[PDB]
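Peer 1: Structure provided below as structure tokens; questions to follow.
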Amino acid sequence: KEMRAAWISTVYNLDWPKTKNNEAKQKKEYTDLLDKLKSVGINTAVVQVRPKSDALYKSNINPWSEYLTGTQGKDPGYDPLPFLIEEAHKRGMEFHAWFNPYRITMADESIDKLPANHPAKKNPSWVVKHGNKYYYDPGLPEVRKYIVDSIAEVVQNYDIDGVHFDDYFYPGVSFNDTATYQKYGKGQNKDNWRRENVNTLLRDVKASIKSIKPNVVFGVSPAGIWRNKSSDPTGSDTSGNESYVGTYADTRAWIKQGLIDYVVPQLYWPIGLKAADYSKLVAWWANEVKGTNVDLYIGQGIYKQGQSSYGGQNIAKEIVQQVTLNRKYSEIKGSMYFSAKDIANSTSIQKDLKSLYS
Ligand SMILES: [Cl-]
């Protein structure tokens with residue numbers, strides 16, 4: 001059946017939970033949200049279980065997420081994840097656990113204030129500062145193993161249907177990994193080595209998942225441009241930021257090597273936008289997966305509703321037009337909507353999705 005997913009982001013309490021330190025209210029906020037999503041045809045919840053090197057689940061590896069209580073590491077008095085999963089399943093909805101692999105801190109947060117048992121505190125060798133934030137080093141084999149193991153815990157212990165990574169990889173062109181490169185890089189072009197570091201993580205996460213539960217899917221949602229045609233003649237007829245260059249996310253390699261089961265390019269632009277034309281990009285991405293077994297879903301930017309903050313771009317108003325176009329491409333297998341709150345908070349969006357999905 002067609003994929004009809006919504007992202008439920010927990011970072012900064014974006015979509016869920018609205019309330020901290022109140023188990024009953026958090027539970028009701030979630031079921032009410034699922035009910036509204038189901039009512040418009042959403043069949044899959046993609047829920048951020050690791051927003052910030054943390055866990056919205058009981059873990060022997062990673063600390064409780066601050067977004068449940070206000071305090072990182074604080075036990076909220078229940079494990080939310082069984083509830084999040086079981087309530088999705090009772091409504092006939094699939095559940096994909098979404099992880100951010102490398103993030104550790106937000107801007108200006110002190111690394112020294114993490115909980116004692118935090119992996120980044122126990123393993124200072126793993127941590128790289130970039131600007132005013134800290135990250136796990138994608139180039140360390142121990143870091144990759146730790147991420148694999150962190151996901152494997154969730155696969156083993158919870159009835160998930162999928163594992164999902166979003167679009168954050170290396171945080172910028174530069175990154176203070178010279179020592180890592182010297183030790184492990186074999187003199188390879190450094191940027192190619194960084195791309196391969198990310199590829200290796202994806203490969204190893206997929207393999208781990210399959211060795212436990214073969215039918216659990218693994219997917220990634222990268223940024224919507226891989227390379228512009230101006231950098232690579234087989235790239236897209238677009239301008240602006242490229243995932244290949246800017247975060248070392250080589251989505252084409254992932255597809256060609258079968259490192260993922262599904263891919264969700266974030267096409268958060270209107271049809272006709274010169275720099276990043278939705279209509280050109282759906283075609284480009286459909287062609288990328290042709291002849292592979294990688295499922296293509298389009299990331300839909302319904303959060304853009306004409307605000308000046310987005311230069312007046314209004315994706316929500318044209319969502320029927322976008323999905324109608326998607327459906328012209330047999331390689332496109334559905335959509336993921338950013339984000340759940342936008343569906344919940346808008347009667348117009350609800351009406352449009354009902355008309356697409358009923
Ligand atoms: Cl290898």
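The chains in the structure tokens are called A, B, ... from first to last as shown; in each chain the residues are counted from 1, and the ligands are counted from 1 in the order shown.
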If we count only C-alpha atoms and set the cut-off at 12 Å, which residues sit around region 106-118 of chain A, ignoring sequence neighbours fewer than 3 positions away in its own chain? Please answer as an MDAnalysis selection string.
Peer 2: chainID A and resid 11:12 51:55 59:66 71:74 102:103 121:124 126:135
Peer 1: When the cut-off is 12 Å and you count only C-alpha atoms and all ligand atoms, which residues lie near ligand 1, shown as a compact mmCIF listing (two decimals) with N, CA, C and O atoms, in the first residue's frame?
Peer 2:
```txt
# COMPACT_ATOMS: atom_id res chain seq x y z
N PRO A 141 35.67 3.99 14.37
CA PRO A 141 34.95 2.75 14.40
C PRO A 141 34.16 2.52 15.71
O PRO A 141 33.06 1.92 15.67
N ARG A 144 30.78 4.29 15.42
CA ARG A 144 29.84 3.56 14.59
C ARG A 144 29.26 2.36 15.35
O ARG A 144 28.07 2.11 15.31
N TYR A 184 42.93 6.59 10.37
CA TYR A 184 42.07 5.61 9.67
C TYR A 184 41.90 5.85 8.18
O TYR A 184 41.46 4.94 7.48
N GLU A 196 32.32 7.94 2.94
CA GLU A 196 32.35 6.52 3.23
C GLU A 196 32.11 6.21 4.71
O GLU A 196 31.54 5.18 5.03
N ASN A 197 32.54 7.08 5.61
CA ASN A 197 32.24 6.90 7.01
C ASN A 197 30.74 6.81 7.27
O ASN A 197 30.26 6.02 8.07
N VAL A 198 30.01 7.70 6.61
CA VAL A 198 28.54 7.71 6.72
C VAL A 198 27.97 6.45 6.07
O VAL A 198 27.13 5.75 6.70
N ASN A 199 28.44 6.11 4.87
CA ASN A 199 27.99 4.90 4.21
C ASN A 199 28.16 3.67 5.08
O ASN A 199 27.26 2.84 5.16
N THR A 200 29.29 3.54 5.76
CA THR A 200 29.62 2.41 6.61
C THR A 200 28.66 2.29 7.76
O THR A 200 28.29 1.20 8.18
N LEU A 201 28.33 3.42 8.37
CA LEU A 201 27.36 3.43 9.46
C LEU A 201 26.02 2.88 8.97
O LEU A 201 25.44 1.99 9.58
N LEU A 202 25.52 3.42 7.87
CA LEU A 202 24.26 2.94 7.32
C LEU A 202 24.28 1.46 7.03
O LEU A 202 23.35 0.72 7.41
N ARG A 203 25.32 1.01 6.35
CA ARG A 203 25.50 -0.41 6.07
C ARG A 203 25.43 -1.24 7.32
O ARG A 203 24.76 -2.28 7.36
N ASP A 204 26.16 -0.83 8.34
CA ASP A 204 26.29 -1.64 9.55
C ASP A 204 25.01 -1.63 10.38
O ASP A 204 24.65 -2.62 10.98
```
Peer 1: Using only C-alpha atoms for the distances, tell me which of A:211, A:238, A:125, A:243 is nearest to residue 169 (chain A).
Peer 2: A:243
Peer 1: Out of region 125-173 of chain A, which residues get strand (DSSP E or B) from DSSP, as an NGL selection string?
Peer 2: :A and (127-130 or 133-136 or 162-165)
Peer 1: Quick one: residues within 12 Å of residue 182 (chain A), only C-alpha atoms counted, chain neighbours fewer than 6 positions away excluded, as a list in words?
Peer 2: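 Surrounding residues, per the criterion: residues 139, 140, 176, 188, 189, 190 and 193 of chain A.
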Peer 1: Taking the chain letters and numbering used in this document, name the residues of region 150-272 of chain A that DSSP puts in alpha helix (DSSP H), as a ChimeraX atom specification.
Peer 2: /A:150-157,178-184,190-212,243-246,251-257
Peer 1: Go ahead and save the picked residues with C-alpha atoms, as a PDB file, in the first residue's frame.
Peer 2:
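Writing the result to result34.pdb gives the following:
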```
ATOM      1  CA  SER A 150      22.166   1.827  20.446  1.00  0.00           C
ATOM      2  CA  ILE A 151      19.783   0.950  17.625  1.00  0.00           C
ATOM      3  CA  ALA A 152      20.113  -2.798  18.169  1.00  0.00           C
ATOM      4  CA  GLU A 153      18.865  -2.370  21.749  1.00  0.00           C
ATOM      5  CA  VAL A 154      15.651  -0.830  20.468  1.00  0.00           C
ATOM      6  CA  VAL A 155      15.227  -3.464  17.709  1.00  0.00           C
ATOM      7  CA  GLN A 156      15.699  -6.272  20.242  1.00  0.00           C
ATOM      8  CA  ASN A 157      13.460  -4.881  22.967  1.00  0.00           C
ATOM      9  CA  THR A 178      42.273  15.463  11.374  1.00  0.00           C
ATOM     10  CA  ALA A 179      43.583  12.940  13.899  1.00  0.00           C
ATOM     11  CA  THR A 180      40.843  10.466  12.986  1.00  0.00           C
ATOM     12  CA  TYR A 181      41.674  10.917   9.265  1.00  0.00           C
ATOM     13  CA  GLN A 182      45.376  10.414   9.898  1.00  0.00           C
ATOM     14  CA  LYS A 183      44.754   7.234  11.848  1.00  0.00           C
ATOM     15  CA  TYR A 184      42.067   5.608   9.670  1.00  0.00           C
ATOM     16  CA  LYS A 190      39.372  13.210   2.789  1.00  0.00           C
ATOM     17  CA  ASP A 191      35.940  14.144   1.571  1.00  0.00           C
ATOM     18  CA  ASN A 192      35.472  10.761  -0.046  1.00  0.00           C
ATOM     19  CA  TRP A 193      36.566   9.162   3.231  1.00  0.00           C
ATOM     20  CA  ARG A 194      33.976  11.221   5.168  1.00  0.00           C
ATOM     21  CA  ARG A 195      31.251  10.098   2.729  1.00  0.00           C
ATOM     22  CA  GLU A 196      32.351   6.523   3.234  1.00  0.00           C
ATOM     23  CA  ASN A 197      32.243   6.898   7.009  1.00  0.00           C
ATOM     24  CA  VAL A 198      28.541   7.714   6.723  1.00  0.00           C
ATOM     25  CA  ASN A 199      27.994   4.899   4.208  1.00  0.00           C
ATOM     26  CA  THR A 200      29.621   2.408   6.608  1.00  0.00           C
ATOM     27  CA  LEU A 201      27.357   3.427   9.457  1.00  0.00           C
ATOM     28  CA  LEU A 202      24.259   2.935   7.323  1.00  0.00           C
ATOM     29  CA  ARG A 203      25.502  -0.408   6.068  1.00  0.00           C
ATOM     30  CA  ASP A 204      26.294  -1.641   9.552  1.00  0.00           C
ATOM     31  CA  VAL A 205      22.972  -0.457  11.047  1.00  0.00           C
ATOM     32  CA  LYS A 206      21.066  -2.216   8.260  1.00  0.00           C
ATOM     33  CA  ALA A 207      23.035  -5.410   8.790  1.00  0.00           C
ATOM     34  CA  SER A 208      22.467  -5.308  12.541  1.00  0.00           C
ATOM     35  CA  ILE A 209      18.721  -4.827  12.111  1.00  0.00           C
ATOM     36  CA  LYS A 210      18.473  -7.679   9.593  1.00  0.00           C
ATOM     37  CA  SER A 211      20.420 -10.075  11.819  1.00  0.00           C
ATOM     38  CA  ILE A 212      17.771  -9.575  14.551  1.00  0.00           C
ATOM     39  CA  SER A 243      23.978  16.904   0.696  1.00  0.00           C
ATOM     40  CA  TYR A 244      27.024  15.322  -0.988  1.00  0.00           C
ATOM     41  CA  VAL A 245      29.271  18.334  -0.201  1.00  0.00           C
ATOM     42  CA  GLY A 246      27.738  20.031   2.812  1.00  0.00           C
ATOM     43  CA  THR A 251      22.485   9.375  -1.116  1.00  0.00           C
ATOM     44  CA  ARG A 252      23.250   7.985  -4.564  1.00  0.00           C
ATOM     45  CA  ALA A 253      25.839   5.632  -3.099  1.00  0.00           C
ATOM     46  CA  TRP A 254      23.381   4.491  -0.458  1.00  0.00           C
ATOM     47  CA  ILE A 255      20.879   3.624  -3.164  1.00  0.00           C
ATOM     48  CA  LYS A 256      23.309   1.985  -5.538  1.00  0.00           C
ATOM     49  CA  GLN A 257      24.936  -0.151  -2.824  1.00  0.00           C
TER      50      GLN A 257
END
```
Peer 1: Within 7 Å of residue 163 (chain A), counting only C-alpha atoms, which residues show up once you throw out same-chain ones fewer than 2 positions away? Write them as a PDB file with N, CA and C atoms, in the first residue's frame, please.
Peer 2:
```
ATOM      1  N   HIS A  96       7.785   3.622  13.001  1.00  0.00           N
ATOM      2  CA  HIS A  96       9.217   3.708  12.676  1.00  0.00           C
ATOM      3  C   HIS A  96       9.892   4.549  13.765  1.00  0.00           C
ATOM      4  N   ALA A  97      10.891   3.976  14.420  1.00  0.00           N
ATOM      5  CA  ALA A  97      11.705   4.656  15.424  1.00  0.00           C
ATOM      6  C   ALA A  97      12.763   5.500  14.740  1.00  0.00           C
ATOM      7  N   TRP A  98      12.705   6.817  14.981  1.00  0.00           N
ATOM      8  CA  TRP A  98      13.594   7.771  14.381  1.00  0.00           C
ATOM      9  C   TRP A  98      14.718   8.160  15.368  1.00  0.00           C
ATOM     10  N   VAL A 217      12.269  -2.619   8.563  1.00  0.00           N
ATOM     11  CA  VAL A 217      12.872  -1.795   7.474  1.00  0.00           C
ATOM     12  C   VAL A 217      13.797  -0.713   8.041  1.00  0.00           C
ATOM     13  N   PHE A 218      14.742  -0.303   7.227  1.00  0.00           N
ATOM     14  CA  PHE A 218      15.666   0.774   7.567  1.00  0.00           C
ATOM     15  C   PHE A 218      15.622   1.824   6.465  1.00  0.00           C
ATOM     16  N   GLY A 219      15.404   3.060   6.866  1.00  0.00           N
ATOM     17  CA  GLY A 219      15.380   4.142   5.896  1.00  0.00           C
ATOM     18  C   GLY A 219      15.998   5.414   6.413  1.00  0.00           C
TER      19      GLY A 219
END
```
Peer 1: For a quick check of understanding, using only C-alpha atoms, which of A:81, A:325, A:282, A:6 has the smallest distance to residue 236 (chain A)?
Peer 2: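 Going through A:81, A:325, A:282, A:6 one by one, the smallest distance to residue 236 (chain A) is for A:282.
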Peer 1: With only C-alpha atoms as the basis for distance, which of A:315, A:70, A:241, A:281 is at the shortest distance from residue 329 (chain A)?
Peer 2: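 Closest residue, counting only C-alpha atoms: A:281.
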Peer 1: Could you tell me which of A:38, A:213, A:25, A:274 comes closest to residue 4 (chain A) if we count only C-alpha atoms?
Peer 2: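 Smallest distance to residue 4 (chain A) is found for A:38.
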Peer 1: Give me, please, the distance in Å between CA of residue 56 (chain A) and CA of residue 13 (chain A), quoted to one decimal.
Peer 2: 12.0 Å
Peer 1: Could I get the residues of region 40-73 of chain A with an atom no further than 12 Å from an atom of region 82-87 of chain A, each paired with its nearest atom pair and that distance in Å to one decimal, using only C-alpha atoms, sorted by chain and residue number, as a Markdown table?
Peer 2:
```
| residue | atom | partner | partner_atom | distance |
| --- | --- | --- | --- | --- |
| A:44 | CA | A:85 | CA | 10.9 |
| A:45 | CA | A:85 | CA | 9.2 |
| A:46 | CA | A:85 | CA | 10.5 |
| A:47 | CA | A:84 | CA | 8.5 |
| A:48 | CA | A:84 | CA | 10.9 |
| A:49 | CA | A:84 | CA | 10.0 |
| A:56 | CA | A:84 | CA | 9.8 |
| A:57 | CA | A:82 | CA | 8.1 |
| A:58 | CA | A:82 | CA | 9.7 |
```
Peer 1: Could you please take those selected residues and save N, CA, C and O atoms as a CSV table (one decimal), in the first residue's frame?
Peer 2:
```
chain,number,residue,atom,x,y,z
A,44,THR,N,1.4,5.5,9.1
A,44,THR,CA,2.7,5.3,9.7
A,44,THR,C,3.1,6.5,10.5
A,44,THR,O,3.0,7.6,10.0
A,45,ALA,N,3.6,6.2,11.7
A,45,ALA,CA,4.1,7.3,12.6
A,45,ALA,C,5.6,7.1,12.7
A,45,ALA,O,6.1,6.0,13.0
A,46,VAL,N,6.3,8.1,12.4
A,46,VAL,CA,7.8,8.1,12.5
A,46,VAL,C,8.2,9.0,13.7
A,46,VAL,O,8.1,10.3,13.6
A,47,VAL,N,8.5,8.4,14.8
A,47,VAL,CA,8.6,9.0,16.1
A,47,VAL,C,10.0,9.1,16.5
A,47,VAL,O,10.7,8.1,16.6
A,48,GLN,N,10.5,10.3,16.9
A,48,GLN,CA,11.9,10.6,17.2
A,48,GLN,C,12.2,10.1,18.6
A,48,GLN,O,11.9,10.8,19.6
A,49,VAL,N,12.8,8.9,18.7
A,49,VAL,CA,13.1,8.3,20.0
A,49,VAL,C,14.5,8.7,20.5
A,49,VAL,O,14.8,8.5,21.7
A,56,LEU,N,13.8,8.2,24.5
A,56,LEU,CA,12.5,8.2,25.0
A,56,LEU,C,12.0,6.7,25.3
A,56,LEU,O,10.9,6.3,24.9
A,57,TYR,N,12.9,5.9,25.8
A,57,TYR,CA,12.7,4.5,26.1
A,57,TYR,C,13.7,4.1,27.2
A,57,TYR,O,14.7,4.8,27.4
A,58,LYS,N,13.5,3.0,27.8
A,58,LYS,CA,14.4,2.4,28.8
A,58,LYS,C,15.6,1.9,28.2
A,58,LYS,O,15.5,1.0,27.2
```
Peer 1: Nearest residue to residue 8 (chain A) out of A:237, A:296, A:263, A:164, using only C-alpha atoms?
Peer 2: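 That would be A:164, the residue with the smallest distance to residue 8 (chain A).
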